[PDB]
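Only one structure is covered here, and it is reproduced in the block below.
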Ligand code: CLA
Ligand code: CLA
Ligand code: CLA
Ligand code: CLA
Ligand SMILES: CC1=C(/C=C/C(C)=C/C=C/C(C)=C/C=C/C=C(C)/C=C/C=C(C)/C=C/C2=C(C)CCCC2(C)C)C(C)(C)CCC1
Ligand SMILES: CC1=C(C/C=C(\C)CCC[C@H](C)CCC[C@H](C)CCCC(C)C)C(=O)c2ccccc2C1=O
Ligand SMILES: CC1=C(C/C=C(\C)CCC[C@H](C)CCC[C@H](C)CCCC(C)C)C(=O)c2ccccc2C1=O
Ligand code: SF4
Ligand code: SF4
Ligand code: SF4
């Protein structure tokens, strides 16, 4: 059922001339400097214009081709910069010694000292993004395979940018093309995910795992043949992988045990690279692919068979929840924020799961070997996952103000959480308080007992145990799963649970992580800082429309500063302001997750193995008796590990010395916007406009102070920028030195 | 409660009466302005200090002004 | 006479705030 | 974890000063109207709890006023600014002479 | 006239200030490749 | 002299920093040509050139020469921006020309004003530089 | 596990007036919970206000021997259980103040929830709250002695049983 | 008296509180053309009856915030009373 409008919007440079053409109030011309900031704020907010959902949805789908172009330009840029300006061909010969490097610096002002010696006769910035592990995991051998990929990416970036013109300015879809969410889920689960992972399963079997097996033998780099000669000359897929001469017929006679050489279930880490077995990833992405192609045949399309989501949701209702899930289809098929809240809180929560499932199970050749890479991949996608969960909480509060409808959402499970929203929050208010005392106060207890010279009264491994019984048990189940509850495996899912120490050269790839009293406290700090973040975000969702303080808060809007100084004072009551307060706790919560990671792994996992198997860790094993006091987090983590970032002048780590101080500045700069108010700064400009009125330099566009909401927004953007960039420059200069 | 002073400069715009959410304000006839009515605040024990009435008034400077005074239960906005 | 610390410090630590707060709470809540 | 010495008050007051300083940000970034809508849920869940509603306030709990938690915010800020440096000024000098 | 809209777009606020600050920054960069280290005027 | 200022060409600390020169640009002797020009400055006990902002004509290259070179440029940034805001005040829009530059008016303002010390005195002596205090808005006292 | 059975509900509102801010849930009005809370000594019918605080003091004074004696500072010494007795008696007295401090401040009237349809009529007068306070100190001290008597010789009661 | 019907909702946790016993309590009456879904200022959705309705609210702020929500239903007949705990009902909206 494809119906497409023919030329809705003429392609012209007319509207590039006048700025702010989109809104009727904002297009009449600027009068103050408030107009300048509202142009960049209301820019990509396509929902405020009309009530025509057909017209808004065409802008939304075409702009989504715009973001696909800039990711592809970025991605093909990283391959092209890794083609010319890298040591990728010298890295393949010795990944144990050659450091991953791109970004050669122009030598102008003495910043050629940033081009330090990474090994291999090459001077440049030691990268930490791990693209050399990806390209080897893809099987790229020489530079020319990186050129044709990057040049191929620039063509593929042009098709996305052309179709964004085409599907908006030339051939734009109608409304009912978008609301075929049964037809969307069938194509996107099968063709994108299932056929994407089936095609990629064909890329490991025919191409990648033959090359990565020849690499593990230590043959050469040039002497390994081209990967299209593996398809032509079938005699090289039979020297390795001997279960290949039987050909294609064991697939169709269900003799799938014939394929046991290259679709294995080894279940562990490769002892040569310290990565996953390439044959296990082949049987993974194939078994992933069968499940998606089956499950994408679920929802009903033009051919009668299939489930209907309006008939799935309306059956699931109970005695407690009244009408149940009846009415949630119309919320998710009309509102765009209800989709955007759902696709972002569950993709942001997915990104944190990816970070945990990649440090313990390193999926790339020589990933766990490089400590400088593995620390930064975790801490990157932690923050990327955390901003999106706050965004799903943000665009859910926008749903409640603009797109919530009482007629549809009558007595369903969305309605029944607004009746008992006082019971939800106040029982959540108790747990945030309960976790505050019984997790953080056990650090304040241990600060004081060690300061009072009473070490026998502390919550440590020696004095008063707090052993994590329910997580020491689950590690013992996942250690004993080969031969038992999963007999076909050999080693566990990872060595983080049990198993042994797998050394790659000298450096530990993965060691069994032993949980103790310090690990009990810091996993309950994590539950504390997450439940408080939920408390702030959910209060902005439930109290978005009204409260007992403001009975008509949805009348004012999603984003308004206050309702005046009355009722004691009602500043920061809006649903925007609870997104504002949750960004700090998201910053607070995720900063401890990446501090728990960066010091548990250095104290209890990473290090160098001697000849007899003795594992000599980085920090000597001091997480046990020092991560129980706040003095110990200050002494042995912030003070002791910063000796590589501030002593780095006159060397190649000089930029991390400058970004460490430069981010302490921008953090401190943000407090001028947070602490002060707007009405001070408007008075000060009136005394500066006077001296600009006197000498006849009076601007026609009147200066105004930043608005109340913007002064909060500037103060949190400069806050999060300088606080994360402090840690960005602290993690790198510490781990590009001890790794 | 609070204190709502209404000066003689307003024009009878009826934007302040249609914005006070506890309905403190009302229009009385007054032969001064062009619309021949002035805002009046006969129920200032109900005023919650919202200053929606000062936001909606056109005239420069404001004909209506809310002076924040002693805060009883009705002006704190307490349902309890 | 260093034993006076054992009798002035608990009085100022315990007895002085208990006597003060129980006076002030009954004084501020007094119609 | 090896022991203490005579600087352990100043090591404790230094951490104490970093905590009073950071507490005062809560009164300044977050403003009143978030907190009056939070206390109105605690007023609810105290009148509903069956044993604990034998007792009840004489003064109705309201959040701190706008001018008040700029005083209270500046008080935690200034006390923590003083005690942090005064523990660093003494012990970095009285530990080296 | 389609060409007049490109002169009128090249002279808005962020577009003119991007080009003018690029010419400004490029003068300081290409002056410092050839004559570096100018702490003071040598007299 | 100066003071605590020996010349840099006499210091053993400066000549010790001369033997370990780091090249600024890809010029292989840019580390060396840097120090033959810094030999005429006054390096203290550390070996670093300490500038003299006094007004002494033997140390005029520190601050006397760059101050004249700066004040010609930065006043001309503000003189051109003053003459353009005088021009667009007497137009129909007056706020379109602020964000969206009237380039046909702006470029005659830019190329003209390089003789602004010959200009800015003439508005001063004629009193057109300033405005009357009975014509500027002021706060209630 | 179908209840009535495909139908109907449990969150009918409190007292059939939906405009009151309370609801009847399986934690509110499940008749095992409603029978329990109505028969605590704060709420049981037929009790003197001295009689109500006598059981409340013996219960709260009983378990507060616990965390002082086994987690306090003297918990390795010979006075490990005597340190928990003086801490428990010493903190009932801090609660006896707070009851008398609450009572003398002209205290407000007690509430009437949905699991408890009336306040027990002795909690609206200053004289009523004072008898509850005098009973709490007597029962609180005595309830901590009988916790001190049992735990100080755990081998003896187990041999004598 | 007041004599109005009560709208259809399953009860809220907002509702009325101890002030409705102690200090005062308000109540808004409106005569509706039909039965339809509106919003409670206490929180959630409800369903008005046909003819005279009645909603016991906590404060006067609620009934005038509700009356603006009723204005887009072509309902400009809402009258708020002030019901004191001594039984004293005071007509306060409108003034006449
Ligand atoms: C899938 C991603 C996604 C999408 C499509 C949207 C889309 C939208 N959001 Mg949303 N949002 C998201 C993620 C997303 N958001 C996340 C992750 C958060 C949490 C932080 C939010 C928080 C949020 C709020 C709080 C609000 C929106 C609003 C909006 C709407 C208008 C936004 C606009 O015009 O901005 C225009 C663009 C800007 C103003 C530029 C902002 C630049 C940022 C602050 C700085 C970026 C820092 C950068 C990385 C470092 C630069 C360094 C520098 C030196 C160069 C629009 C529908 C607004 C609205 O009213 O909705 C109707 C609104 O109030 N969103
Ligand atoms: C170091 C600074 C700091 C501290 C201590 C707090 C503390 C708190 N914030 Mg908070 N906040 C802060 C900074 C801080 N914030 C900042 C900078 C912002 C700006 C964005 C916010 C924004 C914010 C919001 C938006 C929210 C909070 C919430 C909370 C509460 C969480 C409950 C809890 O854990 O209490 C437990 C107490 C502690 C962990 C402190 C330790 C106390 C020890 C254990 C005991 C005291 C020792 C001793 C007995 C004292 C008595 C001595 C005697 C002589 C008097 C709590 C009051 C949330 C809340 O109230 O809901 C629950 C909430 O919604 N805050
Ligand atoms: C500045 C006043 C002050 C003084 C003098 C003390 C003194 C003491 N504190 Mg302490 N404390 C204080 C302030 C003070 N504290 C503050 C402000 C806090 C909050 C951070 C604490 C938190 C604290 C904790 C958490 C603990 C102590 C403990 C102790 C005792 C340690 C010695 C010992 O082994 O007990 C041996 C003695 C006993 C076990 C029992 C002694 C008899 C008790 C004190 C009273 C007996 C009845 C009394 C006479 C009448 C009723 C009490 C009366 C105050 C109304 C000692 C009595 C420890 C302790 O034992 O507490 C009970 C302990 O666990 N303190
Ligand atoms: C099936 C249940 C049952 C159990 C577990 C017991 C257990 C016991 N009986 Mg027995 N008894 C039972 C049924 C039972 N009886 C029936 C049905 C009859 C009727 C024919 C009897 C008649 C009977 C007599 C006549 C005697 C016993 C005795 C005993 C005790 C012998 C061990 C000893 O030397 O005491 C050592 C222990 C003690 C002397 C004291 C232990 C502490 C007591 C039991 C309670 C302490 C306070 C308590 C915690 C709280 C109040 C009591 C509570 C039940 C409300 C032992 C506790 C003898 C005994 O000692 O009785 C006291 C005894 O003389 N029994
Ligand atoms: C509900 C429930 C529960 C809870 C409960 C509890 C836990 C309780 C507690 C308990 C306790 C808390 C106990 C108490 C008891 C008491 C007693 C046992 C007392 C005694 C006392 C006495 C014996 C004393 C006497 C005296 C006096 C009074 C005075 C004089 C002196 C003398 C000493 C003689 C559980 C969890 C199971 C589960 C579910 C259900
Ligand atoms: C500084 C500050 C201001 C004043 C800040 C303003 C007005 C922003 C001005 C900063 C920019 C950089 C000025 C840019 C002016 C021109 C557009 C740029 C001229 C130069 C061009 C070449 C770009 C507030 O209004 C305010 C309000 C509420 C809380 C905190 C604050 C606050 O901290
Ligand atoms: C926490 C907080 C609250 C809630 C906090 C309240 C209501 C008080 C919390 C402290 C309680 C009352 C205990 C006080 C104990 C103190 C540690 C010491 C008190 C002793 C002195 C009073 C002598 C606000 O109402 C508020 C309003 C406007 C801006 C910021 C804030 C704000 O930050
Ligand atoms: S944000 Fe400012 S103006 Fe608004 S209520 Fe708060 S203090 Fe008053
Ligand atoms: S005070 Fe304002 S709203 Fe009222 S009549 Fe005068 S101008 Fe109109
Ligand atoms: S105090 Fe202000 S906003 Fe509130 S009712 Fe009176 S005039 Fe209106």
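Residues displayed in chain A correspond, in order, to Swiss-Prot positions 14-752.
Header says: electron microscopy, 3.3 Å.
Using N, Cα and C of the backbone, Cβ positions are placed for all residues, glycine too.
Feature list (source: Swiss-Prot):
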type: BINDING; residues: A:575, A:584; note: [4Fe-4S] cluster binding site
type: BINDING; residues: A:677; note: chlorophyll a' binding site
type: BINDING; residues: A:685, A:693; note: chlorophyll a binding site
type: BINDING; residues: A:694; note: phylloquinone binding site
type: TRANSMEM; residues: A:73-96; note: transmembrane segment
type: TRANSMEM; residues: A:159-182; note: transmembrane segment
type: TRANSMEM; residues: A:198-222; note: transmembrane segment
type: TRANSMEM; residues: A:294-312; note: transmembrane segment
type: TRANSMEM; residues: A:349-372; note: transmembrane segment
type: TRANSMEM; residues: A:388-414; note: transmembrane segment
type: TRANSMEM; residues: A:436-458; note: transmembrane segment
type: TRANSMEM; residues: A:533-551; note: transmembrane segment
type: TRANSMEM; residues: A:591-612; note: transmembrane segment
type: TRANSMEM; residues: A:666-688; note: transmembrane segment
type: TRANSMEM; residues: A:726-746; note: transmembrane segment
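For the transmembrane segment (A:388-414), the partner stretch with the highest count of Cβ pairs under 8 angstroms, out of A:73-96, A:294-312, A:533-551, A:666-688, is A:533-551. Within its own chain, the transmembrane segment (A:198-222) is flanked in space by residues 150-152, 240, 243-244, 250, 254, 275-276, 291-292, 294-295, 298-299, 301-306, 308-312, 314, which lie at least six positions past its ends and keep a Cβ under 8 Å from the stretch. Here the transmembrane segment (A:159-182) has long-range neighbours at 20-24, 71-72, 74-79, 81-82, 85-86, 88-90, 92-93, 95-96, 101, 148, 153, meaning same-chain residues at least 6 beyond its ends whose C-beta is under 8 angstroms from one of its own. For the transmembrane segment (A:349-372), the residues of the chain that approach it from at least six positions outside its boundaries are 60, 69-70, 73, 387, 390-391, 393-395, 397-409, 411-412, 415-416, 610, 614, judged by C-beta separation under 8 angstroms. Residue A:693 (chlorophyll a binding site) sits 17 Å from residue A:575 ([4Fe-4S] cluster binding site), counting Cα to Cα. Residue A:685 (chlorophyll a binding site) sits 11 Å from residue A:694 (phylloquinone binding site), taking the CA atoms of both as reference points. The two recorded residues, residue A:584 ([4Fe-4S] cluster binding site) and residue A:677 (chlorophyll a' binding site), show a Cα separation of 29 Å. All protein chains included, residue A:584 ([4Fe-4S] cluster binding site) registers 19 other Cβ atoms within 10 Å of its own Cβ. The 10 Å shell around the Cβ of residue A:677 (chlorophyll a' binding site) contains 15 further Cβ atoms across the protein chains shown.
Counting other CB atoms no more than 10 Å from each candidate's CB, the binding-site residues A:575, A:685 peak at A:575. In the three-state DSSP scheme, residue A:677 (chlorophyll a' binding site) falls into the helix class. Proximity to chain D (Cβ-Cβ under 8 A) holds for A:575 out of the binding-site residues A:575, A:677, A:685, A:693, A:694. Neighbour density around each Cβ, counted as other Cβ atoms within 10 Å, peaks among the binding-site residues A:693, A:694 at A:694.
In three-state terms derived from DSSP, residue A:584 ([4Fe-4S] cluster binding site) belongs to neither a helical nor a strand segment and is classed as coil. By the rule that a residue counts when its Cβ sits under 6 Å from some atom of ligand 6, the binding-site residues A:575, A:584, A:677, A:685, A:693, A:694 yield A:685, A:694. Across the structure, residue A:575 ([4Fe-4S] cluster binding site) and residue A:694 (phylloquinone binding site) place their CA atoms 18 angstrom apart. Residue A:575 ([4Fe-4S] cluster binding site) falls outside any helix or strand according to DSSP and counts as coil.
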